[PDB]
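Chemist: First the structure, which I've put down as structure tokens, then a few questions once you've had a look.
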There are 2 protein chains.
Amino acid sequence: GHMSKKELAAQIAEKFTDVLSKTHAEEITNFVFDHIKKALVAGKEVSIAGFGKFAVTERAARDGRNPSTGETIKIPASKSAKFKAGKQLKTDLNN
Amino acid sequence: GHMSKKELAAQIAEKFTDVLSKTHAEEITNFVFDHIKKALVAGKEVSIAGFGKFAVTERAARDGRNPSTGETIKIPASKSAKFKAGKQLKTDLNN
Ligand code: NA
Ligand code: NA
């Protein structure tokens, strides 16, 4: 199965209709992930208790070879973000 | 740096004070991740546009050996959840 962000936001809106509208639920859901992204972009690890942690990772630069010339190259570094599932999520998935 | 769930919820509360209280911001932030967990527990992939995707993964069972006896064992399967950062997050981290 699948659950999208819009579906998440719709569930928020349905379960918190006393708190906020469907439009605000979508705004806030978008803000959750935007803010998490902003934090990763700022180099922060984002820890979400009961859920897990996000950290920026960097594929390190390293020596390669030009295959044709056997000249030393640099394979460039690049960043990504990694999630490590927390203990509670791991427990819930293994029940 | 670090950003926790409480800090995320506090940012939500600060930036959406017209929408919800600090208490509700924490409730909703907790619900976001609880609901995502519920979806993974239900076997759903959770796709969050602009952010990335979570999927349940299973470390497959496989043959091991009892080291001492050379009897065939089974190393048990276990589930976890994996996140794959979306293109936009990858772009933002590499800017
Ligand atoms: Na609305
Ligand atoms: Na409050």
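Residues in the structure tokens are numbered from 1 in each chain, the chains being A, B, ... in the order shown, and ligands are numbered from 1 in the order shown.
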Name the residues, by chain letter and number, that sit within 12 Å of ligand 1 using only C-alpha atoms and all ligand atoms, and give them as a CSV table (one decimal) with N, CA, C and O atoms, in the first residue's frame.

Modeler:
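Saved to pocket05.csv:
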chain,number,residue,atom,x,y,z
A,9,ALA,N,-1.8,14.5,5.3
A,9,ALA,CA,-2.4,15.7,5.7
A,9,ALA,C,-4.0,15.6,5.9
A,9,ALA,O,-4.5,16.1,6.8
A,10,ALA,N,-4.6,14.8,5.0
A,10,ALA,CA,-6.0,14.5,5.1
A,10,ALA,C,-6.3,13.8,6.4
A,10,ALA,O,-7.3,14.1,7.0
A,13,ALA,N,-6.2,16.3,9.1
A,13,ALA,CA,-7.4,17.2,9.1
A,13,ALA,C,-8.5,16.4,9.6
A,13,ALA,O,-9.3,17.0,10.4
A,14,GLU,N,-8.7,15.2,9.3
A,14,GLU,CA,-9.8,14.4,9.8
A,14,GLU,C,-9.8,14.2,11.3
A,14,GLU,O,-10.8,14.1,12.0
A,17,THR,N,-10.1,17.9,13.5
A,17,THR,CA,-10.9,18.9,12.9
A,17,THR,C,-11.2,20.0,14.0
A,17,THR,O,-11.5,21.1,13.6
A,19,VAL,N,-9.0,21.4,15.7
A,19,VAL,CA,-7.8,22.2,15.7
A,19,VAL,C,-7.6,22.9,14.5
A,19,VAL,O,-7.3,24.2,14.6
A,20,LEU,N,-7.8,22.4,13.3
A,20,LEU,CA,-7.4,23.0,12.1
A,20,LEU,C,-8.2,22.6,10.9
A,20,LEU,O,-8.8,21.5,10.9
A,21,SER,N,-8.3,23.4,9.9
A,21,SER,CA,-8.9,23.1,8.7
A,21,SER,C,-8.1,22.2,7.8
A,21,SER,O,-6.9,21.9,8.0
A,22,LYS,N,-8.7,21.7,6.8
A,22,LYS,CA,-8.0,20.8,5.8
A,22,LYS,C,-6.9,21.6,5.1
A,22,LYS,O,-5.8,21.1,4.9
A,23,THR,N,-7.1,22.9,4.9
A,23,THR,CA,-6.1,23.7,4.3
A,23,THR,C,-4.9,23.9,5.3
A,23,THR,O,-3.8,23.7,4.9
A,24,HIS,N,-5.2,24.2,6.5
A,24,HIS,CA,-4.1,24.3,7.4
A,24,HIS,C,-3.4,23.0,7.7
A,24,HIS,O,-2.2,23.0,7.9
A,25,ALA,N,-4.2,21.9,7.7
A,25,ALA,CA,-3.5,20.6,7.9
A,25,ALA,C,-2.5,20.4,6.8
A,25,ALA,O,-1.4,19.9,7.1
A,26,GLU,N,-2.9,20.7,5.5
A,26,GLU,CA,-1.9,20.6,4.5
A,26,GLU,C,-0.8,21.5,4.7
A,26,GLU,O,0.3,21.1,4.5
A,27,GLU,N,-1.0,22.7,5.0
A,27,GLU,CA,0.1,23.7,5.2
A,27,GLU,C,1.0,23.2,6.3
A,27,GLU,O,2.2,23.2,6.2
B,19,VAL,N,-3.2,29.2,13.8
B,19,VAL,CA,-3.9,28.0,13.5
B,19,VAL,C,-4.0,27.2,14.8
B,19,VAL,O,-5.1,26.7,15.0

Chemist: I'm after chain B in the frame of chain A: fit it by least squares over all Cα atoms matched in order, and give me the output as a PDB file with C-alpha atoms, in the first residue's frame.

Modeler:
ATOM      1  CA  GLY B   1       0.000   0.000   0.000  1.00  0.00           C
ATOM      2  CA  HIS B   2       0.824   3.619  -0.174  1.00  0.00           C
ATOM      3  CA  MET B   3       0.304   6.725   1.807  1.00  0.00           C
ATOM      4  CA  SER B   4       1.168  10.099   0.327  1.00  0.00           C
ATOM      5  CA  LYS B   5       1.727  13.434   1.978  1.00  0.00           C
ATOM      6  CA  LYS B   6      -1.730  14.553   0.910  1.00  0.00           C
ATOM      7  CA  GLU B   7      -3.171  11.487   2.467  1.00  0.00           C
ATOM      8  CA  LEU B   8      -1.247  12.147   5.660  1.00  0.00           C
ATOM      9  CA  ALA B   9      -2.428  15.717   5.716  1.00  0.00           C
ATOM     10  CA  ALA B  10      -6.003  14.517   5.098  1.00  0.00           C
ATOM     11  CA  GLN B  11      -5.715  12.222   8.090  1.00  0.00           C
ATOM     12  CA  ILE B  12      -4.466  15.048  10.220  1.00  0.00           C
ATOM     13  CA  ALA B  13      -7.362  17.186   9.054  1.00  0.00           C
ATOM     14  CA  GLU B  14      -9.829  14.396   9.785  1.00  0.00           C
ATOM     15  CA  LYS B  15      -8.477  13.643  13.215  1.00  0.00           C
ATOM     16  CA  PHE B  16      -7.928  17.167  14.349  1.00  0.00           C
ATOM     17  CA  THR B  17     -10.928  18.949  12.930  1.00  0.00           C
ATOM     18  CA  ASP B  18     -11.293  20.800  16.244  1.00  0.00           C
ATOM     19  CA  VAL B  19      -7.789  22.178  15.748  1.00  0.00           C
ATOM     20  CA  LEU B  20      -7.446  23.048  12.126  1.00  0.00           C
ATOM     21  CA  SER B  21      -8.901  23.058   8.698  1.00  0.00           C
ATOM     22  CA  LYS B  22      -7.991  20.837   5.780  1.00  0.00           C
ATOM     23  CA  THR B  23      -6.079  23.710   4.289  1.00  0.00           C
ATOM     24  CA  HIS B  24      -4.128  24.296   7.412  1.00  0.00           C
ATOM     25  CA  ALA B  25      -3.500  20.623   7.874  1.00  0.00           C
ATOM     26  CA  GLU B  26      -1.910  20.551   4.488  1.00  0.00           C
ATOM     27  CA  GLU B  27       0.094  23.676   5.243  1.00  0.00           C
ATOM     28  CA  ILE B  28       1.326  22.319   8.471  1.00  0.00           C
ATOM     29  CA  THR B  29       2.118  18.922   7.047  1.00  0.00           C
ATOM     30  CA  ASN B  30       4.130  20.635   4.333  1.00  0.00           C
ATOM     31  CA  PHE B  31       5.808  22.726   6.994  1.00  0.00           C
ATOM     32  CA  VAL B  32       6.815  19.679   8.993  1.00  0.00           C
ATOM     33  CA  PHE B  33       8.851  18.312   6.141  1.00  0.00           C
ATOM     34  CA  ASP B  34      10.054  21.643   4.926  1.00  0.00           C
ATOM     35  CA  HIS B  35      11.301  22.430   8.332  1.00  0.00           C
ATOM     36  CA  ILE B  36      13.002  19.064   8.651  1.00  0.00           C
ATOM     37  CA  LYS B  37      14.613  19.682   5.294  1.00  0.00           C
ATOM     38  CA  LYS B  38      15.689  23.143   6.372  1.00  0.00           C
ATOM     39  CA  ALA B  39      17.295  21.631   9.418  1.00  0.00           C
ATOM     40  CA  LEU B  40      19.161  19.035   7.364  1.00  0.00           C
ATOM     41  CA  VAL B  41      20.244  21.701   4.935  1.00  0.00           C
ATOM     42  CA  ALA B  42      21.565  23.598   7.931  1.00  0.00           C
ATOM     43  CA  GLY B  43      23.586  20.512   8.841  1.00  0.00           C
ATOM     44  CA  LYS B  44      21.469  19.509  11.774  1.00  0.00           C
ATOM     45  CA  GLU B  45      20.593  15.985  12.679  1.00  0.00           C
ATOM     46  CA  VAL B  46      16.879  15.750  13.135  1.00  0.00           C
ATOM     47  CA  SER B  47      15.814  13.367  15.843  1.00  0.00           C
ATOM     48  CA  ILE B  48      12.225  12.462  16.112  1.00  0.00           C
ATOM     49  CA  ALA B  49      11.532  10.574  19.303  1.00  0.00           C
ATOM     50  CA  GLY B  50       9.669   7.378  18.700  1.00  0.00           C
ATOM     51  CA  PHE B  51      10.342   7.536  15.028  1.00  0.00           C
ATOM     52  CA  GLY B  52      13.970   7.908  14.140  1.00  0.00           C
ATOM     53  CA  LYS B  53      16.728  10.216  13.130  1.00  0.00           C
ATOM     54  CA  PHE B  54      17.683  11.987   9.933  1.00  0.00           C
ATOM     55  CA  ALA B  55      21.232  13.008   9.269  1.00  0.00           C
ATOM     56  CA  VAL B  56      22.990  14.475   6.333  1.00  0.00           C
ATOM     57  CA  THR B  57      25.460  12.099   4.895  1.00  0.00           C
ATOM     58  CA  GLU B  58      28.195  12.802   2.418  1.00  0.00           C
ATOM     59  CA  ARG B  59      29.449  10.292  -0.109  1.00  0.00           C
ATOM     60  CA  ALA B  60      33.090  11.123   0.295  1.00  0.00           C
ATOM     61  CA  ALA B  61      35.157  12.242  -2.589  1.00  0.00           C
ATOM     62  CA  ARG B  62      37.641   9.639  -3.593  1.00  0.00           C
ATOM     63  CA  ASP B  63      40.260   8.802  -6.138  1.00  0.00           C
ATOM     64  CA  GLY B  64      39.049   7.174  -9.338  1.00  0.00           C
ATOM     65  CA  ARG B  65      40.823   6.666 -12.611  1.00  0.00           C
ATOM     66  CA  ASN B  66      40.048   7.999 -15.978  1.00  0.00           C
ATOM     67  CA  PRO B  67      39.416   4.562 -17.569  1.00  0.00           C
ATOM     68  CA  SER B  68      40.849   5.441 -20.670  1.00  0.00           C
ATOM     69  CA  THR B  69      43.924   7.403 -19.692  1.00  0.00           C
ATOM     70  CA  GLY B  70      44.705   5.974 -16.237  1.00  0.00           C
ATOM     71  CA  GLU B  71      44.950   9.589 -15.115  1.00  0.00           C
ATOM     72  CA  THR B  72      43.956  10.078 -11.489  1.00  0.00           C
ATOM     73  CA  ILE B  73      40.515  11.733 -11.206  1.00  0.00           C
ATOM     74  CA  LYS B  74      38.530  12.758  -8.149  1.00  0.00           C
ATOM     75  CA  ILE B  75      35.116  11.227  -7.834  1.00  0.00           C
ATOM     76  CA  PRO B  76      33.159  14.085  -6.323  1.00  0.00           C
ATOM     77  CA  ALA B  77      31.595  14.198  -2.876  1.00  0.00           C
ATOM     78  CA  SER B  78      27.817  14.473  -2.689  1.00  0.00           C
ATOM     79  CA  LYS B  79      25.415  14.846   0.172  1.00  0.00           C
ATOM     80  CA  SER B  80      22.286  12.961   0.927  1.00  0.00           C
ATOM     81  CA  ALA B  81      20.181  12.400   4.005  1.00  0.00           C
ATOM     82  CA  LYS B  82      19.888   9.117   5.835  1.00  0.00           C
ATOM     83  CA  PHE B  83      17.235   7.990   8.235  1.00  0.00           C
ATOM     84  CA  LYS B  84      17.840   5.544  11.001  1.00  0.00           C
ATOM     85  CA  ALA B  85      14.697   4.049  12.314  1.00  0.00           C
ATOM     86  CA  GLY B  86      14.317   4.382  16.066  1.00  0.00           C
ATOM     87  CA  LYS B  87      13.903   1.495  18.454  1.00  0.00           C
ATOM     88  CA  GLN B  88      10.181   1.977  18.814  1.00  0.00           C
ATOM     89  CA  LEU B  89       9.610   1.905  15.075  1.00  0.00           C
ATOM     90  CA  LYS B  90      11.762  -1.178  14.805  1.00  0.00           C
ATOM     91  CA  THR B  91       9.822  -2.788  17.602  1.00  0.00           C
ATOM     92  CA  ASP B  92       6.476  -1.894  15.976  1.00  0.00           C
ATOM     93  CA  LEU B  93       7.590  -3.346  12.659  1.00  0.00           C
ATOM     94  CA  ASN B  94       8.671  -6.592  14.206  1.00  0.00           C
ATOM     95  CA  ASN B  95       5.530  -7.285  16.254  1.00  0.00           C
TER      96      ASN B  95
END

Chemist: Just asking: which residues within chain B are alpha helix (DSSP H) according to DSSP, as a ChimeraX atom specification?

Modeler: /B:5-15,22-41,87-93

Chemist: Write out the residues from the selection above, keeping C-alpha atoms, as a CSV table (one decimal), in the first residue's frame.

Modeler:
chain,number,residue,atom,x,y,z
B,5,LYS,CA,10.7,16.6,17.6
B,6,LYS,CA,9.9,19.1,20.4
B,7,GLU,CA,11.8,21.7,18.7
B,8,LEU,CA,10.0,21.0,15.4
B,9,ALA,CA,6.7,21.2,17.2
B,10,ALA,CA,7.8,24.4,18.8
B,11,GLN,CA,8.6,25.8,15.4
B,12,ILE,CA,5.2,24.8,14.1
B,13,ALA,CA,3.5,26.4,17.1
B,14,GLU,CA,5.6,29.6,16.5
B,15,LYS,CA,4.9,29.8,12.8
B,22,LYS,CA,1.6,24.9,21.3
B,23,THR,CA,-0.2,21.9,22.8
B,24,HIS,CA,-1.9,21.2,19.6
B,25,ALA,CA,1.3,21.7,17.6
B,26,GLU,CA,2.9,19.0,19.7
B,27,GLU,CA,-0.1,16.7,19.3
B,28,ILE,CA,-0.1,17.1,15.6
B,29,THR,CA,3.6,16.7,15.3
B,30,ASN,CA,3.4,13.5,17.3
B,31,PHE,CA,0.5,12.5,15.1
B,32,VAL,CA,2.4,13.0,11.9
B,33,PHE,CA,5.0,10.5,12.9
B,34,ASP,CA,2.7,8.2,14.6
B,35,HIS,CA,0.6,8.1,11.5
B,36,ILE,CA,3.6,7.5,9.3
B,37,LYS,CA,4.6,4.7,11.6
B,38,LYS,CA,1.1,3.2,11.5
B,39,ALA,CA,1.3,3.3,7.7
B,40,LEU,CA,4.7,1.5,7.7
B,41,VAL,CA,3.4,-1.0,10.2
B,87,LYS,CA,15.3,14.6,-5.5
B,88,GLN,CA,14.4,18.0,-4.0
B,89,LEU,CA,16.0,17.1,-0.7
B,90,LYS,CA,19.1,15.9,-2.5
B,91,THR,CA,19.2,19.0,-4.6
B,92,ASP,CA,18.8,21.2,-1.5
B,93,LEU,CA,21.6,19.4,0.2

Chemist: Determine which residues of range 1-49 of chain B DSSP labels as strand (DSSP E or B) from the backbone of this structure, then write them out as an MDAnalysis selection string.

Modeler: chainID B and resid 2:4 45:48

Chemist: Keeping only N, CA and C atoms, write those residues as a short mmCIF file (atom, residue, chain, number, x, y, z; two decimals), in the first residue's frame.

Modeler:
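Generated file (again_34.cif):
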data_model
loop_
_atom_site.label_atom_id
_atom_site.label_comp_id
_atom_site.auth_asym_id
_atom_site.auth_seq_id
_atom_site.Cartn_x
_atom_site.Cartn_y
_atom_site.Cartn_z
N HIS B 2 21.40 20.09 15.99
CA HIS B 2 20.36 19.13 16.29
C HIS B 2 19.03 19.79 16.31
N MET B 3 17.99 19.08 15.80
CA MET B 3 16.67 19.54 15.99
C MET B 3 15.85 18.35 16.40
N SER B 4 15.17 18.45 17.55
CA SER B 4 14.34 17.39 18.06
C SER B 4 12.87 17.54 17.61
N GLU B 45 4.15 1.99 1.81
CA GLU B 45 5.23 2.89 1.58
C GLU B 45 4.65 4.29 1.81
N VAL B 46 5.42 5.13 2.46
CA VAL B 46 4.96 6.46 2.72
C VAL B 46 5.78 7.39 1.88
N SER B 47 5.14 8.08 0.96
CA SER B 47 5.85 8.98 0.08
C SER B 47 5.50 10.36 0.46
N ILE B 48 6.51 11.18 0.69
CA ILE B 48 6.27 12.53 1.08
C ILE B 48 6.92 13.40 0.00
#
